[PDB]
Structures are given as structure tokens and as C-alpha cells.
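Colleague: sequence-free structure coming up:
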Ligand SMILES: Nc1ncnc2c1ncn2[C@@H]1O[C@H](COP(=O)(O)OP(=O)(O)OP(=O)(O)O)[C@@H](O)[C@H]1O
């Protein structure tokens, strides 16, 4: 006869039928899906004592491989086949156990934190069980599902055991994040939030979903640190980075302070060794947790473009060069300002100085654009001062090259990140941005690894799905649901370094990111390149921002008001709707729609629970969990492809059925101009910096060589519309 | 037409019925007004 080994353990004879019925359960309510297809696709090789689990495993990958553009449903087909396996591999049976029962069981197993069993009585638990819709597990697109089977779900990494379920996960987080809340609104918010996230209406950072409800108390994602030219300072930075990379966090180092090579030390008793020696160390620290240095530990370093070693620095990400002259494991962000670009357009030179050979030259760069301009020329025409002249047209050129050569050298216009920042340039000047490039928060160096003064920008963020809200108004609820819930994490997550805790509790900066922007612009006909979305964008982002400030301002009554709020310009009555670059009105004529003055005063009177609520960050996993489009950048193709642990993943762009025409794929774009114009608009409302990336296609350029002209031209375009930063330059590879 | 409309349950069958065997200038820059 024939044999089989049921996951239960017992034996059975092969039942060719039982398979079919399974595929059916999936093909149920689907088209273009051939039940017979997946079978033959899978070449399932039978052999005695084969486990039923493995058998089931085979079809999952097979169905996932048939997820073609012509077969959009297959994406959901395999998804159903997947959800099944998971639930049964963690519950013994297809239907998960009651909220209460489960919560408790996993507690004593070390997996769920008993913290919940104490803040919620059985009744409240069994009640919340009502809100839970296990059936929502059948609303996942396999793309997202596969991710859940790793990062999000609670599981045993050695043994493989999966202890948890897809709505089960959702609800727990909602409550465990609202536990310390009033008896009367607490059950309520627990549901209104659960649905907001369970319905993919509001996606949250990967780190969050996994650990809310487990032992670990840390939600930190991206951090910033400014290093001091002083020997001792660096040593601390070295330690901090390791402490933070040890908890898998992205790093944002600012060594623009290390005093230049040759600079005096102690008078004339010893001359400085340079910035590079300090920079490379920074890299070993971020990799302190990485195997082979291949992956893990992300460090982005920032520095002034007028630095005396600017030329030295550009080379390092390049692979063509001597080891000791290249730090290639980390990204770099060139800092630029208004005078800088000026020199380029005038074919004039750029005097390079050392942060330590000039007084007021640095600080001015970040906060005041006049002083840096007045001071600059002074030393520029001064000979006492170690200097080095280099034609601007000669510098910007080099920089831009490495940017397209690697696609890691970003850009950051300081003046815009200070004249259009919720913070005051004098009081809390922003000197740097994070690995993601989307965070504009104030920074301070640390004398010690645990300096009291030190400030370590800590950013916590959540995202709003534009493809999940029918009208702009719906945001106002989701706004409070996010801002409130988020602000709570700040008091639930422990801070490794003290300089962070203080700097965190102090302003409670909140980063809110929007996703599925591609689907949105398409659902309205508009596109990126024609810019017909310029107005649609202005009106949209105008709202998203308004409601967030109103949600925060409102909380500025319910749980105090911000510790440092005074520093920010918001308290000074300054609004982000009157700081944007005037150049923008020229690409958007969509006047504001929601009374702003109402908040202009309501926030003068009461304050804000946070210092920042608007930022744009590109997220790999938040986007696919909702089957939405990555951040704002349009998809490179209708049939999204990726390698999971299995190595085949397919994600059809939201609604390919009527949406094929309206989608303007990243490569379908004529030029980068269109993209920028929309970005500059978003900035007019973003407290913090959008992760806008530029994309070029050599295949479209005469002699197949992207012209320097175009590259430089674009940079000016961004600066002209008040764009804060630049992100990956990805060229048209695969040819 | 009497039988209900459908999508070929088997597409794998088709296999057998098909045909069986850097530029830099200050020129263009000078003009931009950031
Ligand atoms: N006797 C069998 N022969 C071949 N395939 C089987 C057999 N029994 C189950 N399968 C298949 O393997 C998969 C696993 O089923 P399941 O996840 O429910 O766990 P199980 O141990 O097989 O329990 P049960 O078979 O009683 O449902 C299903 O897709 C099913 O089609």
C-alpha cells in the first residue's frame, strides 16, 4: 500500500483526494486559478513516511510561484494555503483558542509578558475576544503572510514552533499599548485601534508588532549621535553605537566635528591625525553584531561639504581603491547649504577649512545662513588659516559621481532643515539625519558614554495607508489613534543610553509615515511625471498634517504638554504652513482647506504632546504587510518580486484589474523632474525630511551615459522646492 | 452556449497543442535660480 505521516504523528495511507479539497478551500471564490495547475507545478515527490506538513509545504511554494500578472488571484490563493499551516502549527487545530486562555498559556511559556494578565481581568479579555475577527486572516496577500511567519509572530527560533496568530497579534498590541488608560475609554480605544491596524488602515514599525506583549521593553528604531572632536567624546560615541547596534538599531553618526588632519593638538606639542581614523572604528562598532560583515549594522555618516577632507571622504564608499583609504561598509550624507550651491552656479571655488581652525564657522552652518556666509568670506580671504581651494564645478562633480557609482552617498540641505523645522535653529539646531534619511531632530555630543547632557535623537513612527481611507476626513480619527498610541510607547520602551531617555522624554518626537501613495495617485488618475498630482498631493498632505497636529494639540490637554515644547517654534506661534519655500507656490495652486488658525492659537494656548508628527520614511516590510506600495515611490513593476526565506515572493500592485493604466512605473517616468515637484510639496507640511530617492535610466540617455548635467540640474531642482534630503540613486540595472 | 463560462482549469495542456516539435559645464548651470 502507500503511506503518509500526518503532522499529528500517526500514520495513514495516501489519500490523493484530501489534497484536492485543500486547494479547493483556497481556490474558493477565485478565478484564473487552476486547482490542477498547482499540483503539476509542484512536482511533489512522494515517498513513504513523508510528513503531511512537508506535503502541504510543497503546494504553498508552488501556488506562490504561479502568482503572475495574468493571475493576480494566485497571490491570494497561496495566501489561504499559507494562513492554514501557520494557525495549525501553533494551535494544534484550525480555530485559535479564546483570547484569555491563550494570553495566559503563552505567559508561563516565557513568550507573552504577564504584564497583561494584571492590567486586564478575564472579563475584559473575553470581551475583547468579540472584536477579534480571526476571519481577517483570510484577507492577507501571501506577500505579507510570509513576513508574518518570521518578524512579526511570536515563535521559537531554534525549534521553529509558532506560538501566535495574525489577529491575535494585532489586538494584544493594541491593548498592551493602551493598558495604562482610563477605565472608561480604555476598552473602547482597544477596539477602535485594533480595527484601524487590523484592517491595514494604519501600519506600524516592524520592531513594534513583535515585542509589544513580550518581555522586551524596547521599541527604538533609528537613532542619531553627534561626535565631538575631543578624544574622550569619540570613545563614548564608540560605546553608544555598539550599545544601540547591539539592539539592532540603525545609526546616524555626525563626525563633521572631528577636527581636520594636521590641526594642532595641545598647542604645538602634537598634530592631529585626521577624521578617517575615527570614522573607521565607527564601522566596526555597528558591525559588532554582524556575521562576516556582509549584512547588519547600518551606519550613515554626515559631514560638511566644505570640510578640509571633503575630497578624502568621497572616495571611501568606492570599491576601487586601497583598503586603508576606504571605509566601504557605511553610507554617507554630504551636507550642503545656500552659499555652497551658489559657488557651483558661478563656477567659483570652495575654500576648504577644518572645523577646528575656524570659529563660528560650523555652528553657523546648521542654524544661521548669514553668519556662515559672513564668517566664511572672512577666513576665505585670510591666509593665517589652513585652507584649501577647489573649484566648485570640480567638487560637486566628484560628489555626484560616487552617488551614482554606489547609490549610498546622500545629500542634506541644512538651511531647509532649520528654516522649515518645528525646532529653533539657535536653541535646538538640527545637525544631522539618520540612516533612513527621514529624521530631522536636534543633537548633542557626549563627554561620557552616559553623559547627562548628551542628546540622542530617538524616533518612533507609524504609517497611514492612503489606500485605506475613503475621504481626507477619515484621517482625523486615525490621527489621534496613532499619535496617542505612539506617544505611549515612549513611556513603555526603555532607553539604553541616558542621553537618549532625556532627549526622548523631552520632546517626544513622533514620526508618522504614509504608504501606498502609488495606488492613491493612480486611483485618482494623476501621476508623478505630468505632476497633475501636485494639487491632489498638496490637499492630501495638508490634511494628514492638520489632523495630526490637532490630535497632538488635543493630547496637550489630556496628558500634560511637552517638556521642551518651548524650544520648538510651534510654541512661538510659528506654523509649518508659513515656512515652506516660496518657490513651491509655482507648482501648486491648491489653497489650504481646514482652518489652521484654529490650531495656531489652540497650540499657542495649550501646546503639543509631541515636537514632530510629520516625516516620510521608506519601509520595506510595512508596505507589503498591507499589500500596499512602498512609501511614496511608485512600483518598478505590476508584478512585484522578492526572495523570502523560501526565495520566491509575488505581490500584485494594489488592484491591477482596473489600475494598469493609472500606474506610472518608476522606469516609465520620463524624467526625475516630475518626482521632485511632488516631494517639495509634501515638505510644505512635513516637520521632518522625506525619504525621496532619485532614479535614472542610462538606457534612455545619449551614448548611454547619464550626463553630469542632468544630475547636477536635478540637485538644484530639489533645493529650489525646499526638499530636505536625498536618498538612493538607483540606476537602471539588469541590462 | 449551455455550459457555464470558465477559465481553463488546465493551462499546462497548451504546451502540447502549440506548434508541436560625466558632463560638466557652467553653461547650463549658470542660469538656474535656486
Ligand atoms: N492521507 C493524506 N495523504 C496525502 N495528503 C494528505 C493526507 N492527509 C492530509 N494531507 C494533506 O497534507 C496537508 C496537511 O493537513 P493538516 O495541516 O490538516 O495536518 P494533518 O496532520 O495532515 O491533519 P489531517 O490530515 O487530519 O487534516 C493537507 O494539505 C492535506 O491535504
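Modeller: On my side now, so go ahead. Numbering: from 1, shown residues only, chains lettered A, B, ... in the order given.

Colleague: OK, contacts around residue 32?
Modeller: In the absence of a named chain, chain A is used. A:70-74, B:7 (Cβ atoms under 8 Å, 6 or more residues apart in numbering or on different chains). In this view, the C-beta of every residue, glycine as well, is placed from N, C-alpha and C.

Colleague: nope, chain B
Modeller: Per Cβ under 8 Å, 6+ apart, neighbours of residue B:32: A:345, A:713, A:716, A:720.

Colleague: can we see that at 10 Å?
Modeller: Contact analysis of residue B:32 by Cβ atoms under 10 Å, 6 or more residues apart in numbering or on different chains lists A:341, A:344-345, A:712-713, A:715-717, A:719-720.

Colleague: go on, residue A:513?
Modeller: Per Cβ under 10 Å, 6+ apart, neighbours of residue A:513: A:203-205, A:436, A:438, A:461-464, A:614-619, A:622-623, A:631-632, A:688, A:690-691.

Colleague: In helices, which of these appear?
Modeller: A:622-623 (DSSP state H).

Colleague: As a check, name the ranges of all helices in the stretch 401-550 of chain A.
Modeller: For the stretch 401-550 of chain A, the helices defined by DSSP state H, counting those that start in this stretch occupy A:416-419, A:475-489, A:498-507, A:517-523, A:533-558.

Colleague: just so I know, which of the ones you listed lies nearest chain B?
Modeller: Nearest to chain B among these is helix A:416-419 (11.0 Å), distances taken as Cβ to the nearest Cβ.

Colleague: mind listing what the nearest residue to residue A:358 once chain neighbours are set aside touches?
Modeller: The shortest distance from residue A:358 to any non-neighbouring residue, by Cβ to Cβ, 6 or more residues apart in numbering or on different chains, is to residue A:379 (5.3 Å). Contact analysis of residue A:379 by Cβ under 10 Å, 6+ apart lists A:351, A:353, A:357-361, A:385-387.

Colleague: Reformat these into TSV and put distance to residue A:598 next to each item.
Modeller: Shown next, in TSV, are those (distance: Cβ to Cβ, whole Å):
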residue	distance to residue A:598
A:351	49
A:353	47
A:357	51
A:358	46
A:359	45
A:360	41
A:361	43
A:385	52
A:386	55
A:387	52
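
Colleague: And these, which is closest to residue A:329?
Modeller: residue A:353 (28.0 Å; Cβ to Cβ).

Colleague: And that closest one, how far from chain B?
Modeller: 23 Å (Cβ to the nearest Cβ, to the nearest Å).

Colleague: Confirm for me that that residue is in contact with residue A:361.
Modeller: Yes - here residue A:353 reaches residue A:361: they are 6.3 Å apart, a contact under Cβ atoms under 10 Å.

Colleague: about what we covered before: quick one: closest of the helices of the stretch 401-550 of chain A to residue A:732.
Modeller: Taking the helices of the stretch 401-550 of chain A one by one with Cβ to Cβ, helix A:517-523 is closest: 18.6 Å.

Colleague: Which secondary structure elements does that closest one sit against?
Modeller: Contact here means 3 or more Cβ pairs under 10 Å, 6 or more residues apart in numbering or on different chains; DSSP states H and E; on that basis helix A:517-523 packs against strand A:458-465, helix A:533-558, helix A:656-659, helix A:673-683.

Colleague: next one: that helix to chain centre, how far?
Modeller: With Cα atoms, centre = their mean, to the nearest Å as the basis, helix A:517-523 stands 19 Å off its chain's centre.

Colleague: Work out the gap between stretch A:47-64 and the centre of the chain.
Modeller: Distance of stretch A:47-64 from its chain centroid, counting by Cα atoms, centre = their mean, is 36 Å.

Colleague: Let me know whether that stretch sits next to the ligand.
Modeller: Yes - residues of stretch A:47-64 contacting the ligand under Cβ under 6 Å from any ligand atom: A:52, A:55-56.

Colleague: So residue A:592 is in contact with residue A:576, correct?
Modeller: No - in this structure residue A:592 lies outside contact range of residue A:576 using Cβ under 10 Å: 11.5 Å.

Colleague: quick one: which helix or strand includes the residue nearest to residue A:358?
Modeller: helix A:371-380 (DSSP states H and E).

Colleague: Identify the residues contacting residue A:492.
Modeller: A:115, A:176-177, A:179-180, A:212, A:217-219.

Colleague: That one and chain B, how far apart?
Modeller: 44 Å.

Colleague: and the stretch 351-500 of chain A, which of its residues are near chain B?
Modeller: Contact residues (Cβ under 10 Å from any Cβ of the partner chain) of the stretch 351-500 of chain A with chain B: A:391-394, A:396-398, A:400-401, A:404, A:413.

Colleague: hmm, try it at 6 Å
Modeller: A:393, A:397 (Cβ under 6 Å from any Cβ of the partner chain).

Colleague: Quick one: the strands in the stretch 351-500 of chain A, in order.
Modeller: Listed in chain order, the strands of the stretch 351-500 of chain A (DSSP state E, counting those that start in this stretch) span residues A:409-413, A:458-465.

Colleague: any idea which of the ones you listed is most buried?
Modeller: Highest mean neighbour count of the strands of the stretch 351-500 of chain A: strand A:458-465, a mean of 26 (counted as mean count of other Cβ atoms under 10 Å in any protein chain shown).

Colleague: how big is the angle separating that one from helix A:475-489?
Modeller: Interaxial angle, strand A:458-465 versus helix A:475-489 (axes from the mean of the first three to the mean of the last three Cα atoms, to 10 degrees): 150 degrees.

Colleague: got the contact list for strand A:458-465?
Modeller: By Cβ atoms under 6 Å, 6 or more residues apart in numbering or on different chains, the list of residues contacting strand A:458-465 from outside reads A:200-205, A:220, A:222-223, A:439, A:482, A:486, A:489, A:500, A:504, A:509, A:511-516, A:622, A:626, A:628.

Colleague: Next, the angle from that strand to helix A:533-558.
Modeller: Using the same axes, to 10 degrees: strand A:458-465 against helix A:533-558 is 120 degrees.

Colleague: Figure out how far strand A:458-465 is from the centre of its chain.
Modeller: Chain-centre distance of strand A:458-465: 8 Å, with Cα atoms, centre = their mean.

Colleague: again, but for stretch A:168-175
Modeller: With Cα atoms, centre = their mean, you get 22 Å for stretch A:168-175.

Colleague: now stretch A:377-391
Modeller: The answer for stretch A:377-391 is 40 Å, by Cα atoms, centre = their mean.

Colleague: Sort out which of the contacts of residue B:32 are in helices and list them.
Modeller: Short answer: those in helices (DSSP H) are A:341, A:344-345, A:712-713, A:715-717, A:719-720.

Colleague: would you turn these into JSON lines with neighbour count?
Modeller: As requested, the ones in helices among the contacts of residue B:32 are exported to JSON lines (neighbours: other Cβ atoms under 10 Å in any protein chain shown):
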{"residue": "A:341", "neighbour count": "23"}
{"residue": "A:344", "neighbour count": "25"}
{"residue": "A:345", "neighbour count": "19"}
{"residue": "A:712", "neighbour count": "25"}
{"residue": "A:713", "neighbour count": "16"}
{"residue": "A:715", "neighbour count": "24"}
{"residue": "A:716", "neighbour count": "16"}
{"residue": "A:717", "neighbour count": "21"}
{"residue": "A:719", "neighbour count": "26"}
{"residue": "A:720", "neighbour count": "20"}
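
Colleague: residues contacting whatever residue of chain B ends up closest to the ligand?
Modeller: Relative to the ligand, the nearest point of chain B is residue B:9 (18.7 Å; Cβ to the nearest ligand atom). With contact taken as Cβ under 6 Å, 6+ apart, residue B:9 is in contact with A:34, A:36.
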